[PDB]
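First structure 1, then structure 2: two forms of the same chain, each alone, as C-alpha cells.
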Structure 1
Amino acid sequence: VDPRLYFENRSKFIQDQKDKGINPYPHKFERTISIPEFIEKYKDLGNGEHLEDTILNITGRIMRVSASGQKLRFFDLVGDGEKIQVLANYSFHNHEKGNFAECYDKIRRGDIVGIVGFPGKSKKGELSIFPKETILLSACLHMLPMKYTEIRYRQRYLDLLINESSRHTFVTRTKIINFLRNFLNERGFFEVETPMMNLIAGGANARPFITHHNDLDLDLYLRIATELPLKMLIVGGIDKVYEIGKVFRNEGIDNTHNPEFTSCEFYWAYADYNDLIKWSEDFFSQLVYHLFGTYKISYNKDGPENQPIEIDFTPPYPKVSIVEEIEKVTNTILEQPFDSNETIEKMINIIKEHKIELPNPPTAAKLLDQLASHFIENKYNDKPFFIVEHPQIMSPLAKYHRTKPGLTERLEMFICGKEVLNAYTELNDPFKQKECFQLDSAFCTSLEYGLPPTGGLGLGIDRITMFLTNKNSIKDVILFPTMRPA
C-alpha cells in the first residue's frame, strides 16, 4: 500500500536473494519462443490438453498472481503485447532446482520472468505455459499501478505496460509511418535526410528553436520544415523525394501542437495541384482502409465523455477555396493585395464584428488564417476536406494560381478542424519569389539553377495518428511528449 515501503522491501528482497545465492537479475535466459509465437503455435489446443513433452523457454512480465492453494500458482505472462497464463503446478515443478513454494511465493506483479515449461490449455481453456522452473529475470521493485495522469506521459513504460490501448496506439503510429513510407516508395519516391539545424528556418511560419554549434561557433536554427532542402534535391534531379522526420517549431504546446513533431514532406516533380489532391485522397483513403478495413472511422472529437463523430475518409474529399468561402460566409470581398491597408483593416473588422480572436501579429496572412479557422475549418467534420487556393501572402513558396490572381495552388487538408496536410504546387520561378535577393541564399540560388514544376506535400504524422488512434491529444500519440519537470 505504501509505495516507498513496497519499493524498499522489494529492494531488500533483491538483496535477500543475492545473500541467498540466487541472482535476481540473471545474466541471460535462453528464450526459445516469444509469447505471440507461443499463442500462434498453441492456440489450437483443447481444454486440459498439455504438450508435456515440449520443453519451451519463454519470457514475460508477470501481471497477475493467484493461487488455488500453496501448491498451485496462477500468473499472467505478458510479452510483446500478448498474454498467456502461467500455470505453476507442484507436480510439474522441478524441485531439484528450488522449492516450489519458495520459487513462486517470491514472484510479484510486474516481474520479468523466464520459464522452462510446456505449452497447454487449462481446464478453463486458457492458453498457458506450465512451468517446470521459473526464473525471475528482472524484478519490478515498485508497485505497478492497476489502471491509473501525467505519469503515462513521463514514465511511458508504465502506460505501455498497464494500458493495452496505449501499445495499440503506438503500434498504429508505426503502422501509419510504415504505410506512408511504403506508399511513397511504391510510387518511386526517394527517402532522404536533410539537416535538422540550418542557418535559417524556412518552409512554414513558426518560431524556430535556436541551438549553439560549438565547432562551427554559430547559432543554428532547428528546422521548422524540410521544404527547402527537399526542393533543392528536386533541383538536383531527385524528382520524387521525401523525408519523414522531426521538425521543430518553438511555439505553443496544445492538444494538437507539439514543439517537435514528425513531418513527412514529399516533393514530386511535374506534379500539379490535382496530382497533390489525388495523392492526398489516395493516401488517406488507402491508409484508413489499411488500418481499419473501412473508410469510415469513429473519433471522439469532443472527448471520451461525448458521443464520437464518424469521419468518412471516402474520396474525393471536398475542396474549398479559402478566399471564396470567406467572402461568401462573411459577405465581404477581400480586395487584393490582401495586405493592403484596406484589406487588412477589412479583415480586422470582420474579425471584430464576430468576436473572433485577433491573432498576434495582425498580419494579413495571420488574419486570413484566423478567418479560415473560424468560418471554414470547422464546418466539415463528417469527412476530411481541403481548404485550397490560399493567397500568395499566406504561402510565399507556393506557385501562383494559374487562373485565380493573387491565389495559389495550395491544398491543406483538415480532419476535424485540424490541419493534417499542407500541400501546393512549388513556385519554381526565382524572380517570382520574394525574399530572393526566413529565406536562404542557397535555396534561391538553387531556384536560379532550375527547379522543375513540382508539387510538395507535408503530413503532420502525429495529428494523423491522433485521428486514426482516437486520441484527442498529441501527447497520446508521441511516446515521450515533452513535459514540464515536476
Structure 2
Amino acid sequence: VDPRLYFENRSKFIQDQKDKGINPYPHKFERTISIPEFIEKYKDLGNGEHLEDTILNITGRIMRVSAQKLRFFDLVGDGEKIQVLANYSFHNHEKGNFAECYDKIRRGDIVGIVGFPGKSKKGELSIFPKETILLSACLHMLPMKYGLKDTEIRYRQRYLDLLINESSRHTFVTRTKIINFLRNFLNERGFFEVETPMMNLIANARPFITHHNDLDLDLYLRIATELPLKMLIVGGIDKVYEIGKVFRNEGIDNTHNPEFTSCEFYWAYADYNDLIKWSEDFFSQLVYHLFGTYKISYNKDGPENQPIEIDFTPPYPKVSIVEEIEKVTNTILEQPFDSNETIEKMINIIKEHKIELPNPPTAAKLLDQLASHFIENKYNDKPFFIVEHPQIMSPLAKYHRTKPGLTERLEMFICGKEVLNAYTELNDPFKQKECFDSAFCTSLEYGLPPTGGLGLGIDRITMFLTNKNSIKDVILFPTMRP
C-alpha cells in the first residue's frame, strides 16, 4: 500500500470521472445548514425516528468509511461530527447507481448531501442522503490518530493535525478566545488600540535586518512596541495598546520563538498598585472566562506524567528580588550592585551552587541568573510576582520611592516562566541615563506624564491555558528549516 501508488490511482480516478462526463470538483453546492446547526436542531429525537419531510443540503468531510445495501460514513464540519447512513431505499436512482456512488467514496473526501435528518435504530444522530456528490477528493491517504504523535508532521502540515487530532483545534480556538478576551478587557477599561510600524531605522537582542529598495536604506524589524506607544502618550492617547508580532533574532527553544505575539499597553497616571491590580484582575478573570474556575491543571513535565494544579485566585504573592536572593543565600548584596566587591560576591555564589556562569558576566545577568535559579521557581501552585528589580536591570523604570537602587518593577511568573513585565516609566529626562531612541528623549522634553507600562507574552499564556509544553504547539505554522 505505497502512498505514491494510492495517489496515482486516485489521480487516475479523477481523470476517469472527467472522461466519463462527471466533474469531481463542481462549481457550487447550495448548503442549507452547517453541521453544528444540524446537531443543535435535531439532537433530541427518538431512537430510529426520521423526519423524512424536511430536505437539507449538508456539506462535510467523510472521515471514516465502512461497508451491502447499507453504508455508514462519518461526517465532520466545523469541528463536529454526525453519521451518514446511506440506505438503498432512500437513494434517488435517477441521479445514478447506489453502489458506484458510494463505492467511489474514500476517507477524506469532501461531499455535498441532499437528505433528511433522523436518528438511527441503535440511536446515532444521522443525515439520510438521497443524493451525494463529491465536492473535492482527498487524493492522499489520511493517517489515523497515531501517525501524528512523534513526527513533526503536525507542524509542517498543520491541516492534517487539525483534521485528525481533536485537541489541536481546541488549542487554537482557545488561543483566539484568549486574544479576544484581552482586547475586550482592555477596551472596556478605555484603552485605545493602535498600529505601530514593524520596521524602523534603529534597532539587547540582535535584530532582523532588511533593505528597502526604494529608499536604499537598511531597516530593522521591531523588537518591541515600547517607544512608539510612549510617544502616543505624549500625544495625549492616555491609554493605548497594540497586539502584534515582535521579532528577536535569537535562538529557538521551547519558550522562545524569534517571531512571537506581544501585547503592550501604556496607561497614563497609573502607579505600581494599578499595574498589580490590572494583572491580577486580567489573569483571574481570563481563567474564569475559559474554565469556570480559578484552578487549572498543567502537565509541567509532559503528558507522560501527573499534572500540577495552578490556582489563579487573586491576590498573588509578591517577592522582592534582591531581598529574597539574600534570604535564600545568607548573603548581603551591597548598595552599588555593580561594585567590584558586589560583583565578586555574586560571581562566587554561582560557583558554590555550581551554576552556569553568565559570561559575559554582568551584574544584571548574574542578578538575573541568581533569580533564575533561586527565585523564579519559588512557587508553582500559583502565579507570583518578582518585584522591585534594581535600576541597573531596568534602565527605563522609575526609581523606587523608599528603597535605594531599586525600581517599581513587577514580573509575573507561571511555573517558573516569565509571562508579564511592567513598571512605572522614568519620565524625568534629566534622570534618564541614555538621554544625555533619540526621538524618545526629544519626546520626553515635551512632557510625558507619570505612566505605567505592561507587556504580556501571549504565546506563553496560551501555552499554560492549553496544557502544552512547547511554544510550537500554540503557533499554527511555526517557522522551520525545509
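The first residue in the sequence of structure 1 is number 1, and each one after it adds one. In this text, rigid core is short for the largest set of C-alphas that superpose within 1.5 Å between two forms.
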- Rigid core fit between structure 1 and structure 2: Cα deviation of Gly455 in angstrom: 0.9
- How much does the C-alpha of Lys404 shift between structure 1 and structure 2, in angstrom, given a rigid core superposition? 1.4
- Item | between structure 1 and structure 2, how far the Cα of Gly125 shifts once the core is aligned, in Å | 2.3
